[PDB]
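Working notes, structure below.
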Amino acid sequence: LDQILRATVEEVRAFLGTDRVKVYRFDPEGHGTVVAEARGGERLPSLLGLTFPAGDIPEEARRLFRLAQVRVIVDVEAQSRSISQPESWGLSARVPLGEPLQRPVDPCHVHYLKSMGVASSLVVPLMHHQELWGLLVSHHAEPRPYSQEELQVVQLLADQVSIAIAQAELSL
Ligand SMILES: *[C@@H](C)[C@H]1/C(=C/c2[nH]c(/C=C3N=C(/C=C4\NC(=O)C(CC)=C4C)C(C)=C\3CCC(=O)O)c(CCC(=O)O)c2C)NC(=O)[C@@H]1C
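Position one of the sequence shown corresponds to residue 201 (this note's numbering), numbered consecutively onward.
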């Protein structure tokens with residue numbers, strides 16, 4: 201799995217022509233590791249081999265990854281702010297998306313992304329069945345706006361890998 205993804209991180213990078221793209225896996229204990237990482241003009245250091253703490257993300261945000269399955273961050277310059285809400289469990293049967301064309305994130309990510317010197321941040325969740333196995337993310341300088349039409353093409357690209365990582369769990 202970790203090896204296979206190594207070729208995926210670079211493969212997708214070619215398509216998304218993103219300078220930096222890495223895959224993030226998750227553990228039940230609340231621990232995640234980077235099993236892949238690519239760099240373009242080497243504007244950022246290699247994070248590969250670094251374990252990220254779950255605390256980095258609560259849950260309400262991850263929920264969107266389950267229902268929204270889109271994950272898109274606008275220019276951190278727009279300074280969008282999104283925090284928690286008072287008693288807002290939101291009861292629904294099953295309505296995919298049904299939210300703004302963008303996903304504002306608390307100032308937590310603002311500095312986080314900016315700290316990486318990345319104005320843009322394209323993310324894509326990798327879920328198999330009803331569970332989440334991995335997470336795809338991309339970061340780079342102003343890569344011009346993104347089209348929804350082209351986004352879909354990649355949206356499926358994230359689904360394909362979902363099969364590779366899933367089929368890998370069996371063998372691995
Ligand atoms: C802020 C000081 C602290 C913090 C809190 C925090 N994070 C989020 C949301 C996200 N954080 C990430 C982080 C990553 N990007 C990556 O590339 C990686 C490695 C693969 C990570 C871990 C992401 C993707 C999100 C989701 C936002 C999006 O739309 O993409 C939140 C929001 C939760 C909410 O809804 O309240 C918060 C509060 N993260 C830190 O690192 C600090 C400790």
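Each residue gets a CB set at the ideal place from its N, CA and C atoms; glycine is no exception.
The DSSP assignment places 307–315 as complete runs of the alpha helix (DSSP H) inside the stretch 283–334, in order along the chain (cut-off: 4 residues). Around the CB of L250, fewer than 16 other CB atoms lie within 10 Å, so the residue is classed as exposed.
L247 is the residue among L247, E342, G241 whose C-alpha sits nearest the C-alpha of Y224. When the Cα atoms are used, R213 and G240 turn out to be separated by approximately 9 Å. Distances from the CB of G255 to the heavy atoms of ligand 1 include at least one below 7 Å. Following the DSSP letters along the chain, one finds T208 inside the alpha helix (DSSP H) bounded by residues 202–216. Per DSSP, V353 has no beta-bridge partner at all. For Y346, the CB stays at least 7 Å from every heavy atom of ligand 1. Your pair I283 and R303 does not check out as a contact, with CB atoms roughly 13 Å apart and the cut at 8 Å.
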